[PDB]
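Residue numbers (this note's numbering), protein chains in the order written: chain A, 2 to 138; chain B, 48 to 262; chain C, 1309 to 1518.
Ideal Cβ placement from N, Cα and C applies to all residues, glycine included.
Structure record follows, encoded as structure tokens.
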């Protein structure tokens, strides 16, 4: 099964395959680069996640970071269960050396289109995954 | 290297206006939110104004809303703060600092700050008064009273008397500043050898030497 | 509007100690950022999003918390950790900071050296009179000064000033000035500054007669 999300690590002998990748080791020091993932189906049976070679912020995916406001307004750390509003989310974690894989599994429809973010840091480098999951038309 | 350099600070009368500026370099300026955060004389940090990456959205707390305007010029890598109807409580060190949506709005770089002093007091030179006792060690003093604006530099014997010296922070007294400086020497070199305080107040182009003689 | 209350205001520690400082919020916040500031420079990023150390911050630091109670801990204090630590939230507008916890280095208790000074002849020619009292090189920071004119207490006309902790001997100093008009100063004869410090139950009394 493919993971809809971002691989920020530089490793190829992994057991997890990601739809997207952004090698954080190649981002400039003090930079904050996005990796954007968009899911759009009437019903899901999907794995969503990231592979981070350093610190993950917040405690993804049980907690996630709200999307960016268009107004000058804060984005808070929230529980994913209440953010996407489905009660049977499955959470998974794995580690391959210094790489940390955090995933969640979603089955069925989502009541409303939602977005959220997870941040990955490695030394002075940082990258963040933004996810959007659409509700049925 | 990421760098933020503030400028524009100075002395402004009550109700006056002033424009602060910040020059950003070493990063993609247009990708970051920018803010002015001030540090009061009591060392409290307060956000004054925030602006998003493209300049389309801003926020001001109620303490300065309507009076202050933050703007940015992404062609020049500059952040500006236009401050109108300035109050005494606006006196603070103003820092330019950045945040990113993708770092959870963490202020990861700050400039060195630019000082704003809001007061209608005029530039006044200080009065230097000697402090002599009316023991093995003798403590002598220098009272520097009624000057404006800050700062005043105080040395003892042109810098040669450096041990046992404390200069106290200035306090506001009738809209003007007052400070004292303390010097401790053994009883043998005083008044046998000369002890003088040298006070400089560059704002009024004044230097005063006050020799401490017994009372 | 969200108030962040940092305690203690001054955290006294010896190098090697394990310490914790707290950041309590008036209402729930979803994270806290921490910054470190030393005199002469701007605040620096220290702890990002409650528990992730900023680049270059040593492993002895950690951060924790949720809801209304957060903290910063140092597993073993080093002398270079003496600084002010600020907590900061942005769960609702406006973004706010705590007033800071200043991590201070301990030293042996030291009684203040008290010196009283009459107004100078130069000041008296201008119509004023300032009586100065120095309370030098004492530890800990807390001290009280009482002014007495002919045995009676006086509160008005007193301005106080406190130095920061000395970087070489770790002591504090205080200045206390009683400002009177020349006429007011000439009505009385004895002037006294009383120093109450924890190093003794009896205050240190310094006086002079005009």
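Could you check how far apart the C-beta atoms of residue i and residue j are, in whole angstroms? I think they sit under 8 angstroms.
| i | j | result |
| --- | --- | --- |
| residue 242/B | residue 259/B | 5 angstroms |
| residue 73/A | residue 148/B | Contact flag wrong, Cβ pair sits at about 11 angstroms. |
| residue 196/B | residue 164/B | 6 angstroms |
| residue 54/A | residue 99/A | 6 angstroms |
| residue 130/B | residue 114/B | 7 angstroms |
| residue 83/B | residue 1350/C | Wrong, their Cβ atoms sit about 13 angstroms apart, outside the cutoff. |
| residue 1371/C | residue 1355/C | 4 angstroms |
Which same chain residues end up closer than 7 angstroms to residue i when comparing Cβ atoms and leaving out the 5 residues on each side of it in sequence?
| i | result |
| --- | --- |
| residue 76/B | 121, 124 |
| residue 55/B | 65, 66, 67, 68, 161 |
| residue 30/A | 125, 126 |
| residue 69/A | 76 |
| residue 103/B | none |
| residue 153/B | 146 |
| residue 97/A | 12, 15 |
Could you tell me whether the Cβ of residue i comes closer than 8 angstroms to any Cβ of chain A?
| i | result |
| --- | --- |
| residue 1314/C | no |
| residue 1338/C | yes |
| residue 125/B | no |
| residue 160/B | no |
| residue 1342/C | no |
| residue 128/B | no |
| residue 151/B | yes |
| residue 1398/C | yes |
| residue 1333/C | no |
| residue 97/B | yes |
| residue 1360/C | yes |
Quick one: is residue i near chain B, going by C-beta distance under 8 angstroms?
| i | result |
| --- | --- |
| residue 1434/C | yes |
| residue 31/A | yes |
| residue 1464/C | no |
| residue 1365/C | no |
| residue 54/A | no |
| residue 26/A | no |
| residue 22/A | no |
| residue 129/A | yes |
| residue 66/A | yes |
| residue 57/A | no |
| residue 1473/C | no |
| residue 1426/C | yes |
| residue 35/A | yes |
Return the bridge partner residues of residue i from the DSSP annotation.
| i | result |
| --- | --- |
| residue 229/B | 188/B, 213/B |
| residue 1/A | Nothing can be reported for residue 1/A, as the shown portion of chain A is limited to 2 through 138. |
| residue 1346/C | Paired residues: none, contrary to the question. |
| residue 1341/C | 1396/C |
| residue 178/B | 188/B |
Counting only the same chain and skipping the five closest in sequence on each side, list residues whose C-beta sits under 8 angstroms from that of residue i.
| i | result |
| --- | --- |
| residue 213/B | 228, 229 |
| residue 64/A | 78, 79, 80, 81 |
| residue 1489/C | 1435, 1436, 1437 |
| residue 108/B | 93, 94, 95 |
| residue 171/B | 193, 194, 195, 223, 251 |
| residue 215/B | 226, 227, 228, 229 |
| residue 114/A | 133, 134, 135, 136 |
Under 6 angstroms Cβ to Cβ from residue i, same chain only, skipping five residues before and after it: list those, please.
| i | result |
| --- | --- |
| residue 181/B | 262 |
| residue 61/B | 167 |
| residue 1396/C | 1341, 1405 |
| residue 63/B | 133 |
| residue 47/A | 5, 107 |
| residue 1464/C | none |
Which of the three DSSP states, helix, strand or coil, is assigned to residue i?
| i | result |
| --- | --- |
| residue 1550/C | This structure cannot speak to residue 1550/C, because chain C is shown only from 1309 to 1518. |
| residue 195/B | strand |
| residue 1494/C | helix |
| residue 1387/C | helix |
| residue 27/A | helix |
| residue 1451/C | coil |
| residue 70/B | strand |
| residue 1484/C | strand |
| residue 82/A | helix |
| residue 250/B | helix |
| residue 92/A | strand |
| residue 117/A | strand |
| residue 76/B | helix |
| residue 1432/C | helix |
Verify the CB distance criterion: does residue i have a CB-CB separation below 8 angstroms to chain C?
| i | result |
| --- | --- |
| residue 119/B | no |
| residue 75/A | yes |
| residue 124/A | yes |
| residue 48/B | no |
| residue 192/B | yes |
| residue 173/B | no |
| residue 122/B | no |
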